[PDB]
Each structure stands twice: as structure tokens, then as C-alpha cells.
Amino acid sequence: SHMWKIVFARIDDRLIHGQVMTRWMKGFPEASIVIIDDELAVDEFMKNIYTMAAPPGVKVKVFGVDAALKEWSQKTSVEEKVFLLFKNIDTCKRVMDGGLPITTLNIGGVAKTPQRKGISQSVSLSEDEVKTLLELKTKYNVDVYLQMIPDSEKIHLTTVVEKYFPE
């Protein structure tokens, strides 16, 4: 089997913050958190911050994109359950384009910028970003939805397009 079994994937530009991941990990009891980000992979200060902020009893590992693809590609007799955490859509696209199978993609946090349209308190998206999410759905059959925490409002990608980007 592949080294990792991907139990969930989430995009949140603030990664491990507050109690958010403690809430998410309760749904994935045996999983570790794997953050895939090229910037964080070399940033020792923030690697320590996020490791310290991790839910009690949950391992955190950080990989760059190429290293994540290399690790996942390895075969093993005992797979590790992993909850993938990305800072941004582009990094997720790069790993999916590299063959890493993601089945569900939760958009958790994307900060407002002038180029993005506000959708929720936690998520704003540009038209280009929504086009990218649609492309991931089309190419890879990923189920994409916005949801901040497990018990908060869930908005599917199709609903996002219909209400916020009619086109």
C-alpha cells in the first residue's frame, strides 16, 4: 500500500490555529496531520509554532510538495492515516497534479484580498480560484466544500458558483 492513507484534506491559510484542528481531528482518531507547503517546510520558527499548537496526542509532520509526493509514493505494509492540511489552493493543485489522490477537499480558511469575493467569515475566493477548484473537481472527482469547523455551515462548490459567481 501507499505510505499514506488520505482520510481528509483541508485548505486553511492559517493552518493550525486556535482550537480548529482539535475539533477536526476528533473525527479522525488514528490520523496524523501532514502539512504540505514549500514555505513552511523550510521555516523552522513556524514549524515549531504549529507543532506546539497541535491537538493533544496528534502528530504533525511538514513536507514540501516534492517530498510529500515522494513519501506518498513509497510502498509499505502498514499505511499511516493522514489528514492533509494545505495553506492554499495552488499547493493542493500541485500535489493533485503530481498524482496524490484527494477525494474530499474542505475549504476552511482563505483570507479576503481585493481580488477575492467574500463568501463567509472564514472564506473569500477569486474567480480564478473558483475556476481552479472546478478544474480539480472535473479532473479528479474531488468533492469540494467550504466549512470552517465540523459543526458549522457547509457550502458545496456548486452552490458557491451559483450564488457568488453566476457563470
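From 1 onward, residues are counted along the sequence shown.
Student: Determine, for stretches 66-74 and 35-43, which one has the higher mean CA B-factor as deposited.
Tutor: Going by the record's values, the stretch with the higher mean is 66-74.
Student: Comparing 3-11 with 157-165, which stretch shows the greater average C-alpha B-factor in the deposited entry?
Tutor: Per the PDB entry, the higher value belongs to 157-165.
Student: Per the entry, which of 105, 125, 136, 49 tops the list for Cα B factor?
Tutor: The listed residue with the largest C-alpha B-factor is 136.
Student: Going by the CA temperature factor in the PDB record, which third of the chain does residue 97 belong to: lowest, middle or highest?
Tutor: For residue 97, the deposited C-alpha B-factor lands in the middle third.
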